[PDB]
Amino acid sequence: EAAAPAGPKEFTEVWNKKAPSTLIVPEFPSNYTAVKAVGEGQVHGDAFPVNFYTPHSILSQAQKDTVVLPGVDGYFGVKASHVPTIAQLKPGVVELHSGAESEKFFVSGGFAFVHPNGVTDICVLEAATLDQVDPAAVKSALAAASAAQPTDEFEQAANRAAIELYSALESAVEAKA
Amino acid sequence: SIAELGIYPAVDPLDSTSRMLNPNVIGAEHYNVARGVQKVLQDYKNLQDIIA
Amino acid sequence: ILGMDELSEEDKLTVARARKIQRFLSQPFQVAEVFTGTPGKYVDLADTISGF
Amino acid sequence: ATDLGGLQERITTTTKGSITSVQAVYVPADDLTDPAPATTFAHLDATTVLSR
Amino acid sequence: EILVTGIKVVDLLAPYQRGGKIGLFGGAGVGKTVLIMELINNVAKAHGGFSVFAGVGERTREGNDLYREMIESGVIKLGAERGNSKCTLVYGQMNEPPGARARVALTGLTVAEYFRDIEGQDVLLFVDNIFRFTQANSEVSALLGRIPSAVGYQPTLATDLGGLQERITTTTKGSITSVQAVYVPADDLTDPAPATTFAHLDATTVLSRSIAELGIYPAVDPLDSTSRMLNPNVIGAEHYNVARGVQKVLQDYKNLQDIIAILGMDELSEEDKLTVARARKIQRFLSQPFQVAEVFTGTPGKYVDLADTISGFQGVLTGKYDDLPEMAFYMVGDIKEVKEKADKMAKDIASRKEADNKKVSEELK
Amino acid sequence: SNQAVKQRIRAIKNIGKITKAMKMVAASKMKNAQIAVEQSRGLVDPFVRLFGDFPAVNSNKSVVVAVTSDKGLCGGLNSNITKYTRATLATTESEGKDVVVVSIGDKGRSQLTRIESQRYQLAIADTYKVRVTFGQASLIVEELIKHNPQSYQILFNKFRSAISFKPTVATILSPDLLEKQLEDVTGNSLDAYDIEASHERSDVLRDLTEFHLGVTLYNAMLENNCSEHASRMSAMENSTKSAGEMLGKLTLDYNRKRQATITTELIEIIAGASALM
Amino acid sequence: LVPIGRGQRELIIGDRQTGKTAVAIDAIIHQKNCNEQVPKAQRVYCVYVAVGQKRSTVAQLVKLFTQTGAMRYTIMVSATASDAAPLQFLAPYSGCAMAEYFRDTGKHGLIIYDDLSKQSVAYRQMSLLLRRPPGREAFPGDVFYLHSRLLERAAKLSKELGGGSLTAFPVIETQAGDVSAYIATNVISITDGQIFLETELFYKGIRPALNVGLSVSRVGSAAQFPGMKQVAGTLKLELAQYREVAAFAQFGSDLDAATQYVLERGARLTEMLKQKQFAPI
Amino acid sequence: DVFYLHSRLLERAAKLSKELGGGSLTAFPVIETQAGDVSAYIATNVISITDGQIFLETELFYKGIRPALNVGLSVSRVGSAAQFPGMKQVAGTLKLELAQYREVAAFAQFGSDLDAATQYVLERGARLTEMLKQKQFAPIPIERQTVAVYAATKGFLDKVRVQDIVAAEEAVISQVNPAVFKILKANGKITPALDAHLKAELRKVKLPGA
Amino acid sequence: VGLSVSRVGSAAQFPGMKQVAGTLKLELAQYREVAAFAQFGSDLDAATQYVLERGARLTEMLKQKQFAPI
Ligand SMILES: Nc1ncnc2c1ncn2[C@@H]1O[C@H](COP(=O)(O)OP(=O)(O)OP(=O)(O)O)[C@@H](O)[C@H]1O
Ligand SMILES: Nc1ncnc2c1ncn2[C@@H]1O[C@H](COP(=O)(O)OP(=O)(O)O)[C@@H](O)[C@H]1O
Ligand SMILES: [Mg+2]
Ligand SMILES: [Mg+2]
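Draft legend 1. Expanded view of the overall build of chain E. Within chain E, the regular secondary structure consists of 14 helices and nine strands. For a compact globule of 365 residues, the expected C-alpha radius of gyration is about 21 Å, and chain E comes in at 23 Å, within 12% of that figure. Projected onto its principal axes, the C-alpha positions of chain E cover 70 × 65 × 40 Å. Per-residue burial over chain E gives 56% buried out of 365 residues. Sequence separation of at least 24 residues holds for 71% of the intrachain contacts in chain E that already meet a minimum separation of 6.

Here it is as structure tokens:
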């Protein structure tokens, strides 16, 4: 079960005994990250590290005390020493509270991990916040998403993803403060 | 240099001149073609220090 | 090619000292005061060594 | 060298006074090893370059 | 018939004829006197015939050095056993007026011509700076009231040089192996005094200044030195093929010099940068420590046999030695000494010993 | 002879303008591609703390990826990771596995088939022409999972600074084919996480490994693109310097030939006049 | 590439040790090999004029021509370097007058003035000592006429005068590829063609080191063997493509598959024209 | 006869035999080149007359290295058997380490990589260069030269910062016991009894900066 | 325009031309500096492209036809 201890510690061994000596051992992405998942600490009470990520942006590196994430089984909330959870997110709004103030981003869907040291990693693709969405072209798109039922299952799945994204973007644009 | 490209007659287009290259003499629609040809070939000669 | 804030702060001080050296090498001339108004200034050597 | 030397060797400091000559130097073909500047520069003790 | 000199670049790329006219071209400190002394030390000691050194327009210090060095070697004996000497020196050095330097090569030629014609044997004629004959006639001919020729030389340059050089030949009655150093003015080979000398010589050895500035000594340009012995019907098939392969690698590297200069080494093809590496190997391997240079270098001199040169350069050409560094080839004898120097310089990067091995701290009395 | 030097001078004087121009161009591209790279650097971290970093795995099928440049005026960057991908293919291949080699950039297909021709199966290129996006990196990822391997190795040059580009190897494992097997530590290291997926853990790990491969491919070919721009800016500034030095030596030699020409024709005129007068 | 007719003047111009005397010697040895297979009205009698060479080189050539068998057709007029400058000046005219017997009796001649530069140097000496005023590179004024009145004697005669021919191969040595020198430009101007050999192609292994761009033959393909003409326009055209798509062949990375076929095809053709010496085909 | 102008002149600089007196004349002809062109006519004339050559570089002269000796070109095949035997054994190490410093800085100017052994000989050769600087009108005796070359090639001047070596080799000569230079001048040679002693007196040297 | 000098034209031209020609000859001084650089028009800074377009405007502005002085 644990019979192959791979890793950057041990790749150095098999590489140094088999690669030419003019090349030093190549780097690895674990050498560039400081924060691991099973290690000790990084909770300290109420506010835990939240890392909000898209491929094209970093939206939050700050410490938050609660996060409201839109999982595929409903909007759940992440408090400080929350249970470790790999949560697939559906289209919904992500609320990063710190107190009275909070940042509400509507995201497109993509996972959010909570780690055994309390590190929470929201990893979405497109996080289009609520004050930059228009409320007019959403109905113009879900009208065609409601109407079009093709013969193929592929565009069927695309239309189902379309309606589950646009319908959730409906519910979070009229009921905003 | 025109000749080892194989082009015959190896007349340099950007060195051959005539006093018959007035717009008054051969008309404007011939002179504009000749001036455009020389302009295009000179700009290609400028671009040859990149595209070679 | 990169920018003014690209380099360090000691490079900022090298830029500042050299820009006030480049202006301090300038001098109003006594012969040119007839067409520039401002009087010219004969600077001694003991003053420019100390000033720089 | 002998004509330039016979000119430039009369510009010295004697015991009675001195002549200090400021000479405008033209460099032919922008070539500092041409014999007129290369013979003239053997006599110069300072250069004052006025740049645009 | 070939004359094996022990010099790798000479024996490979421009082999000397035993009985032919040999020219060492180069100007002002490229090494055509150290080449002529290495040729004396290698050829003249293993010759059997007589030698004539005709010093035409050279340093008097060098002539005294050769005279004392030939007394130490027994080539010149003094006094009662003088007749067992093997060399005649004829010296017309550069302190002499231009009538003497213009005619001392003829005196040395006559001393060689007597041994060739009357004694009937094979001799060596080493003429240091045959250019000084041309120059001394050029100094005289300004005052003989003549119109000058090109660059400033006499009108009778080619015929004076020809009538001197056409006497230095092998005949049916004897042999003269002629090694003449030729100075080039301002490092210009198109000067008429070297360009006229080029036609009278069988083996040409052009020493260039930039190759000397690269540290490669003897600074023989391999792409400008030629021989009439470089012929597959004279030296063999594999020797001629190895020589042409070395010259092909060096020419292909010379054609890559501009883009290596302005774009960098990192933008050639793979076969191009294999050619560049093999050429940088065979440029260093053509250099050699001389036994007459061991007093001002510190390296022992390395006589290389001709078969050793052919075998080593065939090894570098086929690709047996793509693994060694470049400086393994610099100033070595042959293909064994490149491997010896490779382990000598790769034990050197591992050469770190403990405790500094003092045994000096308070040595007792 | 004395005219061809005047044309060589103008050629080298123009090369010293073209290379200075594209040095400034590569600098302008590097300063705005660094912005996208250090923003893309974030999303790779949750996967390398959730899935670890296991390069030396017992995959029986691998896909190596060498992320090279498209324009080939970079200065030893593309052959550096060619040396690294022939070093890592001589690190995992010791057990009789299948390896597929793909490359991103035209300098990869021209330098990978020289070292290895049979395992190379795909050439992605023209990537950096418009820009590099995540839909493009995910399309490349789907064409990588057209094969069914148990590991993926990405080779790229990571933009540490404008001077240093450390060649990073990045590894992704197939989900329960190798990822669930490499986590079994007297039990599992992944059982601490509570799966909140719509389906079971194998499906969420399949989706997670596809998303991880996409984000490391996007970050890999962003880091390599801007390190390409930095090595071009540094490689056209050692080029315009050498083209200024070559131009200086050419101008000095041309001036020597100019002076020697004027003296030569003057001496011939004087000789021809003294031969008459 | 540079086809040569009976009666034209083809310059062999090059640097030193590039293959000029080699092409001349091959041309003579091949006429020995051809004179056995043709009738007596088709034979070519060679004349080799050695101006300013050594006696050793000329003795070497005479030994070579006796071992091949070319001396039953060859005259050698040798004014070597020890000879007087008027002899080296008059030796091309002497050799051409000995070759004009074959032009004037309806037979065919092949005259090779090796080192015509050395004949110009001997003429310069002879005219500078006669106090005639020098000119460019201290040459006389009539150093063009010196060579034009010699090279114009090589002609293909009409059938009234016998139909004889004289083919001249003057040899001009240049200085580091400088064909802008005085005698080089004069003899380039006089002769019909030129066979320009290079010292950079010579060390690429390309032997005979013929620069296929600068080598011209102004008789054209009108004096070419048929069949060789059927392949020669193609060979010229692919070599012309191989020359021009080169200066990019250093970047062997990007396979283009249209230029690359042209490059390796021209490599086949360039390796084809290599040839060992003293064995004409 | 412009070659004969100088060869008639510079051949009178001789070392005579014992039968003529043993007297000597040492010449130093000076040639001014134009753009570093040592392939001029008069320059190549005298290069083929003189024994050695001291080539003074104009780009070394503006970088502060004075006397701006081009160590690669500067040759003297006549003084080798004519150097101080104490200097002959310590400056045989000096010119070879300056050769490697000339090989490293002529290729590694790009800032490509530090091999960390060629990087050692770059700031070793920078120390030998700064040790070979000299002020004007202040000649040094040959014994106070070959100790400063001993202090630098034997690593006693190592890890002194390169802008201290002008002040540091003045610290070496000032603090070493003046009886050291008296033994070295008289033997002409760093004897085995002296380098063990001179290594000791160099360890007791207050180098600047520590 | 870079090599042609007039050492009189300081206060020897039309004043309405002198109001404008200083700007015209300083805009062309930037265009001659950046022109042979950015022969390509692909990847350009928003300051260099502006003086390139201005220099290309002035260059076509100055050219005129023969035997019709203005
Ligand atoms: N096709 C060839 N194949 C092999 N070797 C050749 C070929 N052509 C010439 N060579 C060799 O190259 C050298 C060329 O010398 P060549 O006979 O050309 O003298 P040259 O150039 O006419 O006159 P000079 O000797 O004055 O330079 C000779 O050694 C010859 O053997
Ligand atoms: N074979 C050689 N090996 C090493 N250094 C050499 C060699 N030949 C010359 N040198 C160097 O170049 C100088 C010139 O040598 P020399 O043969 O006297 O040249 P030349 O006679 O052409 O002036 C020598 O003093 C030495 O410093
Ligand atoms: Mg000498
Ligand atoms: Mg010949």
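Draft legend 2. Fine view of the sheet that holds strand β3 (residues 120-124) of chain F. Residue and element names in this part refer to chain F. Sheet architecture is open: five strands sit in the order β3-β2-β1-β4-β5, paired in mixed fashion. In this open sheet, the two edge strands, each paired with only one partner strand, are β3 and β5 (165-173). Within this sheet the neighbouring strands show an average axis-to-axis angle of 20°, counted without direction. Bridge count for strand β2 (residues 98-104) against β3 is four bridges, and the pairing is parallel. From the neighbouring strand, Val 101 faces β3, where its bridge partner is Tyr 120. On the sheet, helix α3 (residues 78-92) packs against β1 (61-67), β2, β4 (151-159) and β5 and is oriented at approximately 150° with respect to β4.

Draft legend 3. Geometry of the domain arrangement of chain E. Residue and element names in this part refer to chain E. Taken domain by domain, chain E comprises domain 1 (1-229) and domain 2 (230-351). Listed per partner, the contact involves 29 residues of domain 1 and 34 residues of domain 2. Here domain 1 meets domain 2 over a buried area of about 2600 Å², counting both sides, of which 65% is carbon and sulfur. Counting the surface domain 1 buries against domain 2, the share from its top three residues, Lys 8, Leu 12 and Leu 223, is 29%. The tally of links from domain 1 across to domain 2 stands at zero salt bridges. Remark: the boundary between domain 1 and domain 2 carries 15 residue pairs in polar contact. When residues of the side of domain 1 that touches domain 2 are traced back to their parent elements, those giving at least two are α1 (8-13) and α2 (34-43).

Draft legend 4. Fine view of the site of ligand 1. What surrounds ligand 1 is a group of 16 residues, the closest being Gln 17, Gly 19, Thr 21, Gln 275 and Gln 277 of chain G. More than a single chain frames ligand 1: its nearby residues are located in chains E and G. Here an oxygen atom of ligand 1 and a side-chain polar atom of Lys 20 of chain G are 3.2 Å apart. In the complex, 83% of the free accessible area of ligand 1, which totals 620 Å², lies under the protein chains. In terms of residues, the shell around ligand 1 owes the most to one element, helix α1 (residues 20-35) of chain G, which gives three residues.

Draft legend 5. Representation of the UniProt feature "binding site: ADP" (unreviewed entry) in chain E in the model. Sequence positions flagged by UniProt for "binding site: ADP" (unreviewed entry) are, in local numbering, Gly 29, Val 30, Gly 31, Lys 32, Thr 33, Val 34, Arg 59, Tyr 217 and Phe 296 of chain E. Ignoring any residue separated from it by four or fewer positions in sequence, one finds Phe 296 of chain E in contact with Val 34 of chain E together with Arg 77 and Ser 80 of chain H.

Draft legend 6. The UniProt feature "binding site: Mg(2+) 2" (unreviewed entry) in chain E, seen in detail. Residues and elements named next belong to chain E. What UniProt calls "binding site: Mg(2+) 2" (unreviewed entry) maps, in this numbering, to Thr 33 and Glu 62. Taken along the chain, the residues just named run across 30 residues; in space they keep tight, none of their C-alpha pairs more than 9.1 Å apart. Mapped onto the secondary structure, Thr 33 falls in the loop between β3 (21-25) and α2. On the accessibility criterion, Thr 33 (17% relative accessible area) is buried. When sequence neighbours within four positions are dropped, the list of residues in contact with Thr 33 reads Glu 62 and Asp 128. Relative to the assigned elements, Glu 62 resides in helix α3 (residues 60-72). Filtering out sequence-adjacent residues up to four positions away, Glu 62 remains in contact with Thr 33 and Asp 128. Looking at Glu 62, its side chain comes within polar contact range of the side chain of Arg 59, at 3.2 Å.

Draft legend 7. Focus on the arrangement of the chains. Counting contacts across all 13 pairs of chains that touch, the top-ranked interface belongs to chains A and F. Contact between chain C and chain E is absent, and the minimum C-alpha spacing across the pair is 21 Å. At their nearest point, the C-alpha atoms of chain D and chain G are still 24 Å apart, with no contact between the two.

Draft legend 8. Fine view of the site of ligand 2. Taken together, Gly 29, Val 30, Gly 31, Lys 32, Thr 33, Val 34, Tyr 217, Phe 290 and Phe 296 of chain E together with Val 75 and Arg 77 of chain H make up all the residues around ligand 2. The residues that come close to ligand 2 belong to more than one chain, namely chains E and H. Measuring from an oxygen atom of ligand 2, one finds a side-chain N or O atom of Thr 33 of chain E at 2.4 Å. Contact with the protein chains covers 89% of the free accessible surface of ligand 2, which is 550 Å².

Draft legend 9. How the structure looks around the interface of chain F and chain A. Between chain F and chain A, the residue contacts involve 52 residues of the former and 52 residues of the latter. Ranking the residues of chain F by area buried against chain A places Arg 49, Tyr 193 and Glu 196 of chain F at the top, with a combined share of 17%. At the junction of chain F and chain A, the tally comes to one salt bridge. One salt bridge in this structure joins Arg 49 of chain F and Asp 121 of chain A, with 2.6 Å as the shortest N-O distance. Where chain F packs against chain A, one counts 15 residue pairs in polar contact. Elements with a minimum of two residues in the side of chain F that touches chain A: α1 (4-40), α2 (44-50), α3, β5, α6 (175-182) and α7 (201-235) of chain F.

Draft legend 10. Spotlight on a positive patch on the surface. A contiguous patch of positive charge, built from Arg 52 of chain D together with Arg 7, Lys 25 and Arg 32 of chain I, is present on the exposed surface. For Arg 7 of chain I, a relative accessible area of 82% puts it in the exposed group.

Draft legend 11. Geometry of the pairing of strand β3 (residues 74-79) of chain G. Residue and element names in this part refer to chain G. Examined bridge by bridge, strand β2 (residues 44-51) and β3 share six bridges and lie parallel to one another. Looking at β3, one finds that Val 49 is bridged to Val 77. With helix α2 (residues 55-68) bridging β2 and the parallel β3, this β-α-β connection has right-handed handedness.

Draft legend 12. Broad picture of the packing of helix α5 (residues 94-104) of chain H against helix α6 (residues 120-131) of chain H. All names here are of chain H. Their axes nearest at 9 Å, the elements α5 and α6 cross at an angle of 125°. Judged by the inter-axis angle, α5 sits oblique to α6. Viewed along their axes, α5 and α6 form a crossing whose handedness is left-handed. Together, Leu 94, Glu 97, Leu 98, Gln 100, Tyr 101 and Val 104 of α5 and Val 121, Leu 122, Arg 124, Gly 125, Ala 126, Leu 128, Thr 129 and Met 131 of α6 make up the contact between the two elements.

Draft legend 13. Region of the structure containing helix α3 (residues 153-171) of chain A. Here α3 of chain A contains 19 residues, and its C-alpha end-to-end distance of 27 Å stays within 8% of the 27 Å for a straight helix at 1.5 Å per residue. Buried within α3 of chain A are the following residues: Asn 159, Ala 162, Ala 168, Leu 169 and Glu 170 of chain A.

Draft legend 14. How the structure looks around the packing of aromatic side chains. For the structure shown, the criterion picks out 24 aromatic pairs over all chains. Relative to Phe 52 of chain C, the ring of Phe 24 of chain C has its centre 4.8 Å away and its plane inclined at 40°; by these criteria the two rings are tilted. With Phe 24 of chain C in helix α1 (residues 9-24) and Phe 52 of chain C in the segment after α2 (45-51), this residue pair connects regions lying 28 residues apart in the sequence. Ring geometry for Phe 134 of chain F against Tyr 218 of chain F: centres 5.8 Å apart, planes inclined by 75°, an arrangement best described as edge-to-face. With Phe 134 of chain F in helix α5 (residues 134-144) and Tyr 218 of chain F in helix α7, this pair connects stretches of sequence that are 84 residues apart. Judged by relative accessible area, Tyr 218 of chain F falls into the buried class, the value being 7%. If you follow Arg 66 of chain H out to its NZ or CZ, it ends over the ring of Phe 61 of chain H, 4.0 Å from the centre.

Draft legend 15. Broad picture of the side chain of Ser 178 of chain E. Note that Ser 178 of chain E resides in strand β7 (residues 175-182). When residues no more than four places from it in sequence are discounted, the contact partners of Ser 178 of chain E are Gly 20, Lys 21, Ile 22, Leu 125 and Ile 168 of chain E.

What counts, and at which threshold
Residues numbered from 1 in each chain as written, not as in the entry; some residues may be left out. Chains lettered and ligands numbered in written order. Part of a larger assembly, values for the part shown. Heavy atoms only, no water. Residues with missing side-chain atoms left out of burial classes, pairs and counts. Helix = DSSP H or I, 4+ residues; strand = E, 2+ residues; numbered from the N terminus. Rg over C-alpha atoms; globule rule 2.2 N^0.38 Å. Buried < 20%, exposed > 50% of the residue type's maximum accessible area, 1.4 Å probe, protein only. Contact = heavy atoms within 4.5 Å. Pairing = 2+ DSSP bridges. Axes fitted to C-alpha atoms, helices over the stretch in contact; angles between N-to-C directions. Domains from an automatic or database assignment. Buried area = accessible area lost by both parts, 1.4 Å probe. Salt bridge = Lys/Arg side-chain N within 4 Å of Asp/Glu carboxyl O. Polar contact = N/O pair within 3.5 Å; in protein donor to acceptor, adjacent residues only side chain to side chain. Near = heavy atom within 4 Å. Areas by Shrake-Rupley, 256 points an atom, 1.4 Å probe, with all protein chains shown as cover. UniProt positions renumbered as here; feature names shortened; annotations may be inferred. Patch = residues over 30% accessible without salt bridge, like charges linked within 9 Å, V, L, I, M, F, W, Y side chains within 5 Å. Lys, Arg positive; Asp, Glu negative; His and termini not counted. Charge placed at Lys NZ, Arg CZ, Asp CG, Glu CD. Right-handed = clockwise from strand over helix to strand, strands pointing away. Parallel < 35°, antiparallel > 145°, perpendicular 65-115°, else oblique. Left-handed = near helix turned anticlockwise from the far one by under 90°. Expected span 1.5 Å × (residues − 1). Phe/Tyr/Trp six-rings, centres within 6.5 Å; stacked < 30°, edge-to-face > 60°. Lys NZ or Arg CZ within 6 Å of the ring centre and 35° of its normal.

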